[PDB]
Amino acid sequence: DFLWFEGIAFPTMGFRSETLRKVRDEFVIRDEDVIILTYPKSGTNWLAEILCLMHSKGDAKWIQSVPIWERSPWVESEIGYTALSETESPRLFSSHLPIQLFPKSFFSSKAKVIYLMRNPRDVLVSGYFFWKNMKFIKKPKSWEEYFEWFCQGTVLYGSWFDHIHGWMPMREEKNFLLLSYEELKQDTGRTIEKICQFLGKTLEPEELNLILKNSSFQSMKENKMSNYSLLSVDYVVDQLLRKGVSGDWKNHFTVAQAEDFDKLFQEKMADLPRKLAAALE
């Protein structure tokens, strides 16, 4: 089953309510922190790798010797909370927390956060194959059931719609950058520029190339340090980097499921900018 906290599901191991409460009400956010925000399976690890690579100006020695979860801790997880509570600035970390569970300290800080959004249909699929043979989480009986759970928000970290809605209001803030998995896949070089512009970094052509090369799907898949997740998978049964493309949902959604989803989506996303939904294709 799931570990519930304020109505949101978390894995049953690696997380503690006690910590979640502290994460939200006590964890100190510093203006020099760079935070990756995402709804699970939106490309968190991909973005973390890129940020690490931007730090190393392209060199891959560091990302290949130190695991990714150490280079960019998962703040609400036990290991991440413990680590970050002491790590020296500037800190780089990620989180999947919807706005009402995020460190309240963040709102009076100047910390920069990059919110990465992905087409919910692709997120759904990504989570389905990933959470399948995973342990310490409530597993659905079939694709049909998982689909249902996702549409209703009864999955890890709750509703994608709520997660998206709670955070969008921060969008116009100076310290908030919105990116889509889709634009990152379509124009990586251009998207990395936006990020450099956001974090105040500059790169030489050779450096950008190394980054593009070393953050590629295949390159990351072959890196033991980056294709490394601390979540407990049932090794007796069974892939962090699956396909790494966009639009794989068409290969799994029946026409029926697709029409239902478009209906659900059309509803929930009524109050948000249309340009917002366009950047998810």
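All residue numbers are counted from 1 along the displayed sequence.
Visitor: Could you bin the unmodelled part of the deposited chain lying between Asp238 and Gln239 as none, 1 to 3, 4 to 9, or 10 or more?
Guide: The entry leaves 1 to 3 residues without coordinates here.
Visitor: Would 228 to 236 or 46 to 54 have the larger average of its C-alpha temperature factors, as given in the entry?
Guide: 228 to 236 has the higher mean C-alpha B-factor.
Visitor: Comparing average C-alpha B factors as deposited, tell me which of 15 to 23 and 267 to 275 sits higher.
Guide: Averaged over C-alpha atoms, the B-factors run higher in 267 to 275.
Visitor: Taking the values straight from the PDB record, which of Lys135, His163, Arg121, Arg190 has the highest C-alpha temperature factor?
Guide: The record points to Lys135.
Visitor: Tell me which of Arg91, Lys104, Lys194, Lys139 tops the list for C-alpha B factor in the record.
Guide: Spelled out: the listed residue with the top C-alpha B-factor is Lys139.
Visitor: Comparing against every modelled residue in the chain, figure out the third that the C-alpha B-factor of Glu86 lands in (lowest, middle or highest).
Guide: For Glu86, the deposited C-alpha B-factor lands in the highest third.
Visitor: Could you say whether, by C-alpha temperature factor, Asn209 belongs to the lowest, middle or highest third of its chain?
Guide: As the PDB entry reports it, the C-alpha B-factor of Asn209 lands in the middle third of its chain.
Visitor: Comparing against every modelled residue in the chain, figure out the third that the C-alpha B-factor of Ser246 lands in (lowest, middle or highest).
Guide: For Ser246, the deposited C-alpha B-factor lands in the middle third.
Visitor: Is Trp149 in the lowest, middle or highest third of its chain when residues are ranked by C-alpha B-factor?
Guide: Answer is middle: the recorded C-alpha B-factor places it there.
Visitor: Could you tell me which third, lowest, middle or highest, the C-alpha B-factor of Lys41 occupies within its chain?
Guide: For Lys41, whose C-alpha B-factor we compare with every modelled residue in the chain, the answer is the lowest third.
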